2 protein chains.
Amino acid sequence: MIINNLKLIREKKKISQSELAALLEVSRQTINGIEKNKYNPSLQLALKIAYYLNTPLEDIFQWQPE
Amino acid sequence: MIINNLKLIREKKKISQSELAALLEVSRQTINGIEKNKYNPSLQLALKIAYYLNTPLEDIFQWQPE
């Protein structure tokens, strides 16, 4: 129900997963997993990603009507 | 690490907990817990709350470093 535009956005600024991971101060695998519908980032983590992206979270992560 | 402005924002726009709950089609407690000290909103729910509020998620739920 959540769309992850992190990769879509991340590629726009060409930020490395490791960079994003470093920005989140978390393991890359977290980013590697997050870009994928494996699981969604925590609200705090997601906000950090949005902060790092300097883009609103909603643009990066969006909820989908069911 | 998350500061919840839902309680503050929701009241600013005079949306009732029930109103938001009704908009999200959820029990009031779900909203109430979120705007309380209980628990943070689900990412999908948080997005819905922001969306229904027509307020960005970050404004409502913002991340803070530990």
# chains A, B, ... in the order shown; residues from 1 in each chain; ligands from 1

call {"tool": "residues_around", "arguments": {"residues": "residue B:41", "least_positions_apart": "4", "cutoff": "9 Å", "atoms": "only C-alpha atoms", "output": "PDB file with N, CA and C atoms, in the first residue's frame"}}
result
ATOM      1  N   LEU A  43       9.119   5.517  10.360  1.00  0.00           N
ATOM      2  CA  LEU A  43       8.656   6.874  10.151  1.00  0.00           C
ATOM      3  C   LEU A  43       9.804   7.841  10.387  1.00  0.00           C
TER       4      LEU A  43
ATOM      5  N   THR B  30      -7.610   4.839  16.974  1.00  0.00           N
ATOM      6  CA  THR B  30      -6.474   4.779  16.069  1.00  0.00           C
ATOM      7  C   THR B  30      -5.889   6.179  15.907  1.00  0.00           C
ATOM      8  N   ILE B  31      -6.757   7.143  15.639  1.00  0.00           N
ATOM      9  CA  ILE B  31      -6.337   8.534  15.568  1.00  0.00           C
ATOM     10  C   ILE B  31      -5.878   8.992  16.935  1.00  0.00           C
ATOM     11  N   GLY B  33      -4.751   7.403  19.482  1.00  0.00           N
ATOM     12  CA  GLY B  33      -3.473   6.863  19.889  1.00  0.00           C
ATOM     13  C   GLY B  33      -2.349   7.598  19.195  1.00  0.00           C
ATOM     14  N   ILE B  34      -2.548   7.871  17.919  1.00  0.00           N
ATOM     15  CA  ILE B  34      -1.554   8.566  17.119  1.00  0.00           C
ATOM     16  C   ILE B  34      -1.308   9.984  17.641  1.00  0.00           C
ATOM     17  N   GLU B  35      -2.380  10.719  17.950  1.00  0.00           N
ATOM     18  CA  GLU B  35      -2.225  12.078  18.465  1.00  0.00           C
ATOM     19  C   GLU B  35      -1.954  12.083  19.959  1.00  0.00           C
ATOM     20  N   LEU B  45      -0.852   4.800   7.067  1.00  0.00           N
ATOM     21  CA  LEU B  45      -1.825   5.598   7.826  1.00  0.00           C
ATOM     22  C   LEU B  45      -1.381   7.049   7.937  1.00  0.00           C
ATOM     23  N   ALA B  46      -0.105   7.252   8.227  1.00  0.00           N
ATOM     24  CA  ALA B  46       0.428   8.598   8.372  1.00  0.00           C
ATOM     25  C   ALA B  46       0.236   9.364   7.082  1.00  0.00           C
ATOM     26  N   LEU B  47       0.501   8.691   5.976  1.00  0.00           N
ATOM     27  CA  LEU B  47       0.294   9.281   4.668  1.00  0.00           C
ATOM     28  C   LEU B  47      -1.181   9.602   4.456  1.00  0.00           C
ATOM     29  N   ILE B  49      -3.319  10.187   6.843  1.00  0.00           N
ATOM     30  CA  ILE B  49      -3.641  11.281   7.747  1.00  0.00           C
ATOM     31  C   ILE B  49      -3.213  12.599   7.129  1.00  0.00           C
ATOM     32  N   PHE B  61       4.127  14.708  11.215  1.00  0.00           N
ATOM     33  CA  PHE B  61       5.062  13.810  11.880  1.00  0.00           C
ATOM     34  C   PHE B  61       6.475  14.110  11.422  1.00  0.00           C
TER      35      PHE B  61
END

call {"tool": "interface_residues", "arguments": {"of": "chain B", "to": "chain A", "cutoff": "7 Å", "atoms": "only C-alpha atoms", "output": "list in words"}}
result
residues 1, 2, 43, 44, 47, 48, 57, 58, 62 and 63 of chain B

call {"tool": "calpha_fit_rmsd", "arguments": {"fixed": "chain A", "moving": "chain B"}}
result
0.7 Å

call {"tool": "select_by_dssp", "arguments": {"residues": "stretch 18-60 of chain A", "states": "helix (DSSP H, G or I)", "output": "VMD selection string"}}
result
chain A and resid 18 to 23 28 to 34 43 to 53 57 to 60

call {"tool": "write_last_selection", "arguments": {"atoms": "N, CA, C and O atoms", "output": "compact mmCIF listing (two decimals), in the first residue's frame"}}
result
# COMPACT_ATOMS: atom_id res chain seq x y z
N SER A 18 24.69 3.56 -0.19
CA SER A 18 25.62 3.66 0.91
C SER A 18 25.63 5.08 1.46
O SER A 18 25.70 5.28 2.68
N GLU A 19 25.48 6.05 0.57
CA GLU A 19 25.40 7.44 0.97
C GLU A 19 24.12 7.66 1.74
O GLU A 19 24.16 8.12 2.87
N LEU A 20 23.03 7.20 1.18
CA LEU A 20 21.75 7.32 1.86
C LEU A 20 21.81 6.55 3.17
O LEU A 20 21.40 7.04 4.22
N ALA A 21 22.38 5.36 3.11
CA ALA A 21 22.56 4.54 4.29
C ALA A 21 23.40 5.27 5.31
O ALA A 21 23.05 5.33 6.49
N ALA A 22 24.49 5.89 4.85
CA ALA A 22 25.34 6.68 5.72
C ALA A 22 24.56 7.84 6.27
O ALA A 22 24.65 8.15 7.46
N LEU A 23 23.74 8.45 5.43
CA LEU A 23 22.91 9.56 5.86
C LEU A 23 21.96 9.09 6.94
O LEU A 23 21.78 9.76 7.96
N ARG A 28 23.81 -0.38 4.64
CA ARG A 28 23.35 -0.20 3.26
C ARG A 28 22.18 -1.11 2.99
O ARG A 28 21.19 -0.71 2.35
N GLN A 29 22.30 -2.34 3.43
CA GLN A 29 21.28 -3.34 3.21
C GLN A 29 19.91 -2.78 3.56
O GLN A 29 18.91 -3.11 2.92
N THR A 30 19.88 -1.89 4.54
CA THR A 30 18.65 -1.25 4.94
C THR A 30 18.10 -0.47 3.74
O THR A 30 16.98 -0.68 3.30
N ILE A 31 18.97 0.34 3.15
CA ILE A 31 18.61 1.08 1.96
C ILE A 31 18.32 0.11 0.84
O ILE A 31 17.35 0.27 0.11
N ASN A 32 19.17 -0.89 0.71
CA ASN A 32 19.03 -1.86 -0.37
C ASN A 32 17.69 -2.54 -0.24
O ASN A 32 16.98 -2.73 -1.23
N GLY A 33 17.32 -2.87 0.98
CA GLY A 33 16.02 -3.48 1.23
C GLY A 33 14.89 -2.49 1.02
O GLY A 33 13.86 -2.83 0.46
N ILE A 34 15.07 -1.27 1.52
CA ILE A 34 14.03 -0.24 1.48
C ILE A 34 13.65 0.16 0.05
O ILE A 34 12.46 0.32 -0.24
N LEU A 43 9.12 5.52 10.36
CA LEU A 43 8.66 6.87 10.15
C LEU A 43 9.80 7.84 10.39
O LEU A 43 10.09 8.69 9.54
N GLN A 44 10.54 7.62 11.45
CA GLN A 44 11.73 8.42 11.72
C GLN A 44 12.77 8.23 10.60
O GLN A 44 13.28 9.20 10.05
N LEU A 45 13.03 6.98 10.22
CA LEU A 45 13.97 6.70 9.13
C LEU A 45 13.48 7.31 7.82
O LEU A 45 14.25 7.91 7.07
N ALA A 46 12.19 7.14 7.54
CA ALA A 46 11.61 7.65 6.31
C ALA A 46 11.73 9.16 6.26
O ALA A 46 12.13 9.73 5.24
N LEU A 47 11.46 9.79 7.38
CA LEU A 47 11.59 11.23 7.49
C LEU A 47 13.03 11.65 7.27
O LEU A 47 13.31 12.60 6.52
N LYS A 48 13.97 10.90 7.85
CA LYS A 48 15.38 11.18 7.63
C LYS A 48 15.71 11.08 6.15
O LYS A 48 16.37 11.96 5.60
N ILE A 49 15.16 10.07 5.48
CA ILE A 49 15.40 9.92 4.05
C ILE A 49 14.84 11.13 3.31
O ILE A 49 15.52 11.73 2.49
N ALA A 50 13.63 11.52 3.67
CA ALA A 50 13.03 12.68 3.05
C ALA A 50 13.84 13.92 3.33
O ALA A 50 14.10 14.73 2.43
N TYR A 51 14.32 14.03 4.56
CA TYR A 51 15.18 15.13 4.93
C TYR A 51 16.44 15.11 4.09
O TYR A 51 16.82 16.13 3.49
N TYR A 52 17.07 13.94 3.99
CA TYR A 52 18.29 13.80 3.18
C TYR A 52 17.99 14.09 1.73
O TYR A 52 18.74 14.81 1.06
N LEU A 53 16.88 13.57 1.26
CA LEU A 53 16.45 13.84 -0.10
C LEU A 53 16.11 15.31 -0.26
O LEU A 53 16.05 15.83 -1.38
N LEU A 57 8.27 13.60 2.24
CA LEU A 57 8.24 12.15 2.34
C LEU A 57 7.23 11.57 1.38
O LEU A 57 7.46 10.53 0.76
N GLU A 58 6.10 12.23 1.29
CA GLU A 58 4.99 11.77 0.50
C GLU A 58 5.43 11.53 -0.94
O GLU A 58 5.00 10.57 -1.58
N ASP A 59 6.30 12.39 -1.44
CA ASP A 59 6.84 12.25 -2.79
C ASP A 59 7.67 10.97 -2.89
O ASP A 59 7.75 10.34 -3.96
N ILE A 60 8.35 10.67 -1.80
CA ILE A 60 9.28 9.55 -1.73
C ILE A 60 8.53 8.27 -1.36
O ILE A 60 8.62 7.26 -2.07

call {"tool": "select_by_dssp", "arguments": {"residues": "chain A", "states": "strand (DSSP E)", "output": "ChimeraX atom specification"}}
result
/A:2-4,61-63

call {"tool": "write_last_selection", "arguments": {"atoms": "N, CA, C and O atoms", "output": "PDB file, in the first residue's frame"}}
result
ATOM      1  N   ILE A   2       2.153   1.080   0.161  1.00  0.00           N
ATOM      2  CA  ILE A   2       3.098   2.181   0.115  1.00  0.00           C
ATOM      3  C   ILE A   2       3.970   2.067  -1.128  1.00  0.00           C
ATOM      4  O   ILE A   2       4.600   1.030  -1.351  1.00  0.00           O
ATOM      5  N   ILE A   3       4.069   3.147  -1.895  1.00  0.00           N
ATOM      6  CA  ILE A   3       4.971   3.173  -3.046  1.00  0.00           C
ATOM      7  C   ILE A   3       6.273   3.832  -2.650  1.00  0.00           C
ATOM      8  O   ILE A   3       6.272   4.932  -2.087  1.00  0.00           O
ATOM      9  N   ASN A   4       7.373   3.164  -2.947  1.00  0.00           N
ATOM     10  CA  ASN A   4       8.685   3.686  -2.637  1.00  0.00           C
ATOM     11  C   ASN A   4       9.306   4.341  -3.862  1.00  0.00           C
ATOM     12  O   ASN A   4       9.721   3.653  -4.811  1.00  0.00           O
ATOM     13  N   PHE A  61       7.723   8.366  -0.321  1.00  0.00           N
ATOM     14  CA  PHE A  61       6.862   7.275   0.085  1.00  0.00           C
ATOM     15  C   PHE A  61       5.432   7.752   0.064  1.00  0.00           C
ATOM     16  O   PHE A  61       5.100   8.748   0.702  1.00  0.00           O
ATOM     17  N   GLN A  62       4.586   7.052  -0.654  1.00  0.00           N
ATOM     18  CA  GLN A  62       3.185   7.438  -0.765  1.00  0.00           C
ATOM     19  C   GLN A  62       2.272   6.268  -0.513  1.00  0.00           C
ATOM     20  O   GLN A  62       2.561   5.134  -0.919  1.00  0.00           O
ATOM     21  N   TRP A  63       1.158   6.554   0.127  1.00  0.00           N
ATOM     22  CA  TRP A  63       0.157   5.554   0.425  1.00  0.00           C
ATOM     23  C   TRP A  63      -0.759   5.360  -0.769  1.00  0.00           C
ATOM     24  O   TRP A  63      -0.933   6.270  -1.591  1.00  0.00           O
TER      25      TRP A  63
END

call {"tool": "atom_distance", "arguments": {"atom1": "atom CA of residue A:7", "atom2": "atom CA of residue A:54"}}
result
14.2 Å

call {"tool": "atom_distance", "arguments": {"atom1": "atom CA of residue B:8", "atom2": "atom CA of residue B:37"}}
result
13.3 Å

call {"tool": "decode", "arguments": {"residues": "stretch 13-60 of chain A", "atoms": "N, CA and C atoms", "output": "PDB file, in the first residue's frame"}}
result
ATOM      1  N   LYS A  13      18.885  12.468  -7.948  1.00  0.00           N
ATOM      2  CA  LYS A  13      20.035  13.153  -7.365  1.00  0.00           C
ATOM      3  C   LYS A  13      21.280  12.275  -7.388  1.00  0.00           C
ATOM      4  N   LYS A  14      21.116  11.051  -7.872  1.00  0.00           N
ATOM      5  CA  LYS A  14      22.226  10.110  -8.018  1.00  0.00           C
ATOM      6  C   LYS A  14      22.946   9.871  -6.682  1.00  0.00           C
ATOM      7  N   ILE A  15      22.176   9.808  -5.603  1.00  0.00           N
ATOM      8  CA  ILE A  15      22.721   9.503  -4.279  1.00  0.00           C
ATOM      9  C   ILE A  15      22.930   7.994  -4.130  1.00  0.00           C
ATOM     10  N   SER A  16      24.106   7.594  -3.672  1.00  0.00           N
ATOM     11  CA  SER A  16      24.389   6.183  -3.496  1.00  0.00           C
ATOM     12  C   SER A  16      23.607   5.613  -2.322  1.00  0.00           C
ATOM     13  N   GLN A  17      23.323   4.327  -2.375  1.00  0.00           N
ATOM     14  CA  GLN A  17      22.583   3.683  -1.307  1.00  0.00           C
ATOM     15  C   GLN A  17      23.395   3.777  -0.037  1.00  0.00           C
ATOM     16  N   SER A  18      24.685   3.560  -0.186  1.00  0.00           N
ATOM     17  CA  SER A  18      25.623   3.661   0.906  1.00  0.00           C
ATOM     18  C   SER A  18      25.630   5.077   1.462  1.00  0.00           C
ATOM     19  N   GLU A  19      25.480   6.048   0.568  1.00  0.00           N
ATOM     20  CA  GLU A  19      25.395   7.439   0.965  1.00  0.00           C
ATOM     21  C   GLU A  19      24.124   7.662   1.739  1.00  0.00           C
ATOM     22  N   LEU A  20      23.025   7.205   1.184  1.00  0.00           N
ATOM     23  CA  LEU A  20      21.751   7.322   1.860  1.00  0.00           C
ATOM     24  C   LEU A  20      21.808   6.546   3.169  1.00  0.00           C
ATOM     25  N   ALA A  21      22.384   5.357   3.107  1.00  0.00           N
ATOM     26  CA  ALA A  21      22.560   4.536   4.293  1.00  0.00           C
ATOM     27  C   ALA A  21      23.404   5.270   5.314  1.00  0.00           C
ATOM     28  N   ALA A  22      24.489   5.887   4.846  1.00  0.00           N
ATOM     29  CA  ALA A  22      25.345   6.676   5.720  1.00  0.00           C
ATOM     30  C   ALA A  22      24.558   7.840   6.275  1.00  0.00           C
ATOM     31  N   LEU A  23      23.740   8.448   5.427  1.00  0.00           N
ATOM     32  CA  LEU A  23      22.914   9.560   5.862  1.00  0.00           C
ATOM     33  C   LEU A  23      21.959   9.092   6.939  1.00  0.00           C
ATOM     34  N   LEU A  24      21.417   7.899   6.762  1.00  0.00           N
ATOM     35  CA  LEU A  24      20.528   7.325   7.768  1.00  0.00           C
ATOM     36  C   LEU A  24      21.334   6.708   8.891  1.00  0.00           C
ATOM     37  N   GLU A  25      22.651   6.717   8.747  1.00  0.00           N
ATOM     38  CA  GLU A  25      23.535   6.146   9.750  1.00  0.00           C
ATOM     39  C   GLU A  25      23.163   4.684   9.991  1.00  0.00           C
ATOM     40  N   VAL A  26      22.748   4.014   8.922  1.00  0.00           N
ATOM     41  CA  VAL A  26      22.321   2.622   8.988  1.00  0.00           C
ATOM     42  C   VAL A  26      23.018   1.804   7.910  1.00  0.00           C
ATOM     43  N   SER A  27      22.979   0.488   8.046  1.00  0.00           N
ATOM     44  CA  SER A  27      23.613  -0.392   7.076  1.00  0.00           C
ATOM     45  C   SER A  27      22.997  -0.197   5.684  1.00  0.00           C
ATOM     46  N   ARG A  28      23.812  -0.381   4.641  1.00  0.00           N
ATOM     47  CA  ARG A  28      23.350  -0.198   3.260  1.00  0.00           C
ATOM     48  C   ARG A  28      22.175  -1.108   2.989  1.00  0.00           C
ATOM     49  N   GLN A  29      22.302  -2.338   3.433  1.00  0.00           N
ATOM     50  CA  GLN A  29      21.277  -3.339   3.207  1.00  0.00           C
ATOM     51  C   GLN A  29      19.909  -2.782   3.562  1.00  0.00           C
ATOM     52  N   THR A  30      19.883  -1.886   4.537  1.00  0.00           N
ATOM     53  CA  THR A  30      18.647  -1.248   4.936  1.00  0.00           C
ATOM     54  C   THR A  30      18.104  -0.467   3.744  1.00  0.00           C
ATOM     55  N   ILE A  31      18.969   0.336   3.149  1.00  0.00           N
ATOM     56  CA  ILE A  31      18.611   1.078   1.963  1.00  0.00           C
ATOM     57  C   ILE A  31      18.321   0.115   0.838  1.00  0.00           C
ATOM     58  N   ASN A  32      19.172  -0.893   0.707  1.00  0.00           N
ATOM     59  CA  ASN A  32      19.031  -1.859  -0.372  1.00  0.00           C
ATOM     60  C   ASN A  32      17.685  -2.541  -0.244  1.00  0.00           C
ATOM     61  N   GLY A  33      17.315  -2.874   0.979  1.00  0.00           N
ATOM     62  CA  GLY A  33      16.023  -3.479   1.230  1.00  0.00           C
ATOM     63  C   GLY A  33      14.889  -2.485   1.018  1.00  0.00           C
ATOM     64  N   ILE A  34      15.070  -1.270   1.525  1.00  0.00           N
ATOM     65  CA  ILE A  34      14.032  -0.237   1.482  1.00  0.00           C
ATOM     66  C   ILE A  34      13.651   0.158   0.055  1.00  0.00           C
ATOM     67  N   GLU A  35      14.635   0.346  -0.830  1.00  0.00           N
ATOM     68  CA  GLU A  35      14.298   0.731  -2.209  1.00  0.00           C
ATOM     69  C   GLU A  35      13.309  -0.264  -2.780  1.00  0.00           C
ATOM     70  N   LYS A  36      13.303  -1.452  -2.202  1.00  0.00           N
ATOM     71  CA  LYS A  36      12.440  -2.526  -2.637  1.00  0.00           C
ATOM     72  C   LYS A  36      11.279  -2.691  -1.683  1.00  0.00           C
ATOM     73  N   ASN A  37      10.186  -3.191  -2.195  1.00  0.00           N
ATOM     74  CA  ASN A  37       8.995  -3.440  -1.387  1.00  0.00           C
ATOM     75  C   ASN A  37       9.220  -4.547  -0.351  1.00  0.00           C
ATOM     76  N   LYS A  38      10.477  -4.763   0.062  1.00  0.00           N
ATOM     77  CA  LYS A  38      10.750  -5.766   1.096  1.00  0.00           C
ATOM     78  C   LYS A  38      10.081  -5.351   2.380  1.00  0.00           C
ATOM     79  N   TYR A  39      10.279  -4.107   2.713  1.00  0.00           N
ATOM     80  CA  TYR A  39       9.675  -3.484   3.869  1.00  0.00           C
ATOM     81  C   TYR A  39       9.788  -1.987   3.736  1.00  0.00           C
ATOM     82  N   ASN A  40       8.962  -1.260   4.451  1.00  0.00           N
ATOM     83  CA  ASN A  40       9.017   0.189   4.385  1.00  0.00           C
ATOM     84  C   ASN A  40       9.842   0.735   5.528  1.00  0.00           C
ATOM     85  N   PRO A  41      10.502   1.831   5.315  1.00  0.00           N
ATOM     86  CA  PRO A  41      11.350   2.468   6.359  1.00  0.00           C
ATOM     87  C   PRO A  41      10.520   2.970   7.531  1.00  0.00           C
ATOM     88  N   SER A  42      11.130   3.044   8.700  1.00  0.00           N
ATOM     89  CA  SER A  42      10.440   3.562   9.866  1.00  0.00           C
ATOM     90  C   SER A  42      10.099   5.016   9.636  1.00  0.00           C
ATOM     91  N   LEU A  43       9.119   5.517  10.360  1.00  0.00           N
ATOM     92  CA  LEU A  43       8.656   6.874  10.151  1.00  0.00           C
ATOM     93  C   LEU A  43       9.804   7.841  10.387  1.00  0.00           C
ATOM     94  N   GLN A  44      10.545   7.621  11.452  1.00  0.00           N
ATOM     95  CA  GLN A  44      11.728   8.419  11.716  1.00  0.00           C
ATOM     96  C   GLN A  44      12.769   8.227  10.597  1.00  0.00           C
ATOM     97  N   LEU A  45      13.027   6.978  10.215  1.00  0.00           N
ATOM     98  CA  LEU A  45      13.969   6.704   9.126  1.00  0.00           C
ATOM     99  C   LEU A  45      13.476   7.309   7.819  1.00  0.00           C
ATOM    100  N   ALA A  46      12.193   7.145   7.543  1.00  0.00           N
ATOM    101  CA  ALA A  46      11.612   7.652   6.308  1.00  0.00           C
ATOM    102  C   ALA A  46      11.729   9.160   6.258  1.00  0.00           C
ATOM    103  N   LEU A  47      11.458   9.792   7.383  1.00  0.00           N
ATOM    104  CA  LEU A  47      11.586  11.231   7.490  1.00  0.00           C
ATOM    105  C   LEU A  47      13.033  11.654   7.272  1.00  0.00           C
ATOM    106  N   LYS A  48      13.968  10.901   7.848  1.00  0.00           N
ATOM    107  CA  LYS A  48      15.380  11.181   7.633  1.00  0.00           C
ATOM    108  C   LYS A  48      15.706  11.084   6.147  1.00  0.00           C
ATOM    109  N   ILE A  49      15.162  10.074   5.480  1.00  0.00           N
ATOM    110  CA  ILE A  49      15.395   9.923   4.052  1.00  0.00           C
ATOM    111  C   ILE A  49      14.839  11.126   3.314  1.00  0.00           C
ATOM    112  N   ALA A  50      13.635  11.523   3.671  1.00  0.00           N
ATOM    113  CA  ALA A  50      13.027  12.681   3.048  1.00  0.00           C
ATOM    114  C   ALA A  50      13.845  13.921   3.334  1.00  0.00           C
ATOM    115  N   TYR A  51      14.324  14.026   4.564  1.00  0.00           N
ATOM    116  CA  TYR A  51      15.176  15.132   4.935  1.00  0.00           C
ATOM    117  C   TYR A  51      16.443  15.112   4.085  1.00  0.00           C
ATOM    118  N   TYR A  52      17.074  13.939   3.988  1.00  0.00           N
ATOM    119  CA  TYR A  52      18.291  13.796   3.177  1.00  0.00           C
ATOM    120  C   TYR A  52      17.992  14.094   1.732  1.00  0.00           C
ATOM    121  N   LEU A  53      16.878  13.573   1.256  1.00  0.00           N
ATOM    122  CA  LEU A  53      16.449  13.840  -0.103  1.00  0.00           C
ATOM    123  C   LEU A  53      16.114  15.310  -0.256  1.00  0.00           C
ATOM    124  N   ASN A  54      15.766  15.936   0.862  1.00  0.00           N
ATOM    125  CA  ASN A  54      15.304  17.315   0.877  1.00  0.00           C
ATOM    126  C   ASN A  54      14.080  17.433  -0.001  1.00  0.00           C
ATOM    127  N   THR A  55      13.246  16.425   0.122  1.00  0.00           N
ATOM    128  CA  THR A  55      12.022  16.282  -0.634  1.00  0.00           C
ATOM    129  C   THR A  55      10.960  15.782   0.333  1.00  0.00           C
ATOM    130  N   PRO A  56       9.719  16.184   0.195  1.00  0.00           N
ATOM    131  CA  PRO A  56       8.693  15.714   1.166  1.00  0.00           C
ATOM    132  C   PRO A  56       8.542  14.203   1.100  1.00  0.00           C
ATOM    133  N   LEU A  57       8.267  13.597   2.236  1.00  0.00           N
ATOM    134  CA  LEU A  57       8.240  12.146   2.344  1.00  0.00           C
ATOM    135  C   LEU A  57       7.233  11.575   1.376  1.00  0.00           C
ATOM    136  N   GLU A  58       6.104  12.232   1.292  1.00  0.00           N
ATOM    137  CA  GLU A  58       4.992  11.774   0.497  1.00  0.00           C
ATOM    138  C   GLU A  58       5.427  11.532  -0.943  1.00  0.00           C
ATOM    139  N   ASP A  59       6.304  12.393  -1.438  1.00  0.00           N
ATOM    140  CA  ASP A  59       6.843  12.251  -2.792  1.00  0.00           C
ATOM    141  C   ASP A  59       7.668  10.972  -2.891  1.00  0.00           C
ATOM    142  N   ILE A  60       8.351  10.666  -1.802  1.00  0.00           N
ATOM    143  CA  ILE A  60       9.275   9.547  -1.730  1.00  0.00           C
ATOM    144  C   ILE A  60       8.530   8.273  -1.360  1.00  0.00           C
TER     145      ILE A  60
END
